[PDB]
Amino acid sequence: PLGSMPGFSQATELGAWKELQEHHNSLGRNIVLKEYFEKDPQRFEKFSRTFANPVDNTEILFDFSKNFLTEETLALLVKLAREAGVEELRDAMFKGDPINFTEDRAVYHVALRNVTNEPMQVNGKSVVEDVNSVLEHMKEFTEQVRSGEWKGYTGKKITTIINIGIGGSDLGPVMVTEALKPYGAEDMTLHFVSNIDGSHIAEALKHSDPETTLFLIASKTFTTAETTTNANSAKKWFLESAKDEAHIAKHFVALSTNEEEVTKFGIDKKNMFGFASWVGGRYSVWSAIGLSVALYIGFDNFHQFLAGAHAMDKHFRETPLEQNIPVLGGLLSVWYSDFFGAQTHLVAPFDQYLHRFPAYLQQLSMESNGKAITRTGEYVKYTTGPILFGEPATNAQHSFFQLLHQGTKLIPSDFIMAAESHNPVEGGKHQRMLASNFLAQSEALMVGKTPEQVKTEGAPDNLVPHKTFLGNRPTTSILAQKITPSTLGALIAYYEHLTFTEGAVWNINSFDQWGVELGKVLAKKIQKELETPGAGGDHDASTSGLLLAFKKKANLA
């Protein structure tokens, strides 16, 4: 049924927002971090938080103390969270209420990792047994493929997995298999095919054998333009060798919401791994979409990944806002975005395996919060989601940290590192050097280097400005024990709940994506024009000019 009117319309109408604007005008805008640290030796104790991971029995330290925060600032941000009903929206999410108000849908990625089987329901029906049934199917199938009990059409062990999917059906599987590579099967090659660009499927198939390749067709809808075309091209390549369509049942499985479209494709109903409409693509790695992860690292490691997210769900659900870790991360994002004018958010993992973690967060953050319409249907009077970007450190330091230290933008930055490496090369020397950069970069961004310090080191007087570091550049530092499956699960859930918190304060829908439809509709029209002699003139002069140049260069009538 229908529910209540929203608690508020515009974030800018909330009393706490107006107090934050007054706080910014008189105090927040004059925060100099190095002065706050000089005057407060308990600053780190005040603004750090420790999360217990009970799956691997470790702790993750979240240090927020190098942010533009005072006790007064934190009090006002938590007050804004209470006035915006962050806890109410959170509790509605966990109850399975349809908080996705533009699609009338629950938002229930939290049910996918409900490893304690707490009661969970959508539309008065429990979802727990169905979540568990798909997981038991994923368990059985992954054991058979990894053991070699599941065989190819000529009776060989599967050694190549090709995931075919785009956006939420690709970025999670890529990022998590890259991140957890140390746990991966030694004899298994993974390919992630996503782009419609034929270079992607071509390179994957070029070095694969139909006899030893299993395909995962990953599509919530099973009607995505890119994925259906890639799947079709994969099926033609397979049949070129296997000849017999009956063989498809040993080489193709489907990860989808849409049984009818899967069966249409020629996938055996028994080889379908389902997920519900209340699983958003950018929140889907926890579902059947994680099958490539469970194949690579095994079902038990996949389940520990779910369990680490579950521990962060419990922290988010039960912790008072003053100590709540994702909530503070989300309020800091609002503080920087809407009061300091920051258009970006850097995430730099000090970890090469996490090299696809920023790209994953870019979809989670930007597709969720790149929105301008409130629950009340008004255009926001304030900026919403930032441009999220990053690369792993120390690579990032040698690419664009120049601009972070000496450029003209405020760039709120999250640095993430594990204390222990899976590859402790040369007696730990590589890892102590990585750690020294993790510690030093946040230090350097906070303290800078004064003209007086530069002159003391012997710089030419007229080069002092060039070598000065203003400092006062904020950072959040996250120190884990080791990137295990459960630790990675908890880190993603942190960013999911930070993203939730931002959207709740902004009063937008974190869970829809209406903004992708126009490009899809216009691309289909243009594709028909490219296939049609003499067509393509019904556009603006630029689109028409580009379409004509493309037809001339590609030899199309």
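The numbering used is simple: start at 1 and walk along the sequence shown.
Pick between 349 to 357 and 317 to 325: the one whose mean CA B-factor in the entry is higher.
-> Stretch with the higher mean C-alpha B-factor: 317 to 325.
When the C-alpha temperature factors are averaged for each of 291 to 299 and 123 to 131, which stretch ends up with the higher value in the entry?
-> Taking the mean B-factor of the alpha carbons in each, 123 to 131 is higher.
Top residue by Cα temperature factor, when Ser337, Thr159, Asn195, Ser399 are compared in the entry | Among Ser337, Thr159, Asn195, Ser399, the PDB entry lists the largest C-alpha B-factor for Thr159.
In terms of CA temperature factor as recorded, identify the highest of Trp150, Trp286, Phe389, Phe438.
-> Of the candidates given, the C-alpha B-factor peaks at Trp150.
If you rank every modelled residue in this chain by C-alpha B factor, which third holds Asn25: lowest, middle or highest?
-> It falls in the top third of the chain.
Compare the C-alpha B factor of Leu548 with those of the other modelled residues in its chain, then answer lowest, middle or highest third.
-> Middle third - that is where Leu548 ends up once the chain's C-alpha B-factors are sorted.
C-alpha B factor of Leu69, ranked within the chain: lowest, middle or highest third?
-> For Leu69, whose C-alpha B-factor we compare with every modelled residue in the chain, the answer is the middle third.
Compared with the other modelled residues in the chain, in which third is the CA B-factor of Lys46?
-> For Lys46, whose C-alpha B-factor we compare with every modelled residue in the chain, the answer is the highest third.
In terms of the CA temperature factor given in the entry, to which third of its chain does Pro485 belong: lowest, middle or highest?
-> It belongs to the middle third of the chain when residues are ordered by C-alpha B-factor.
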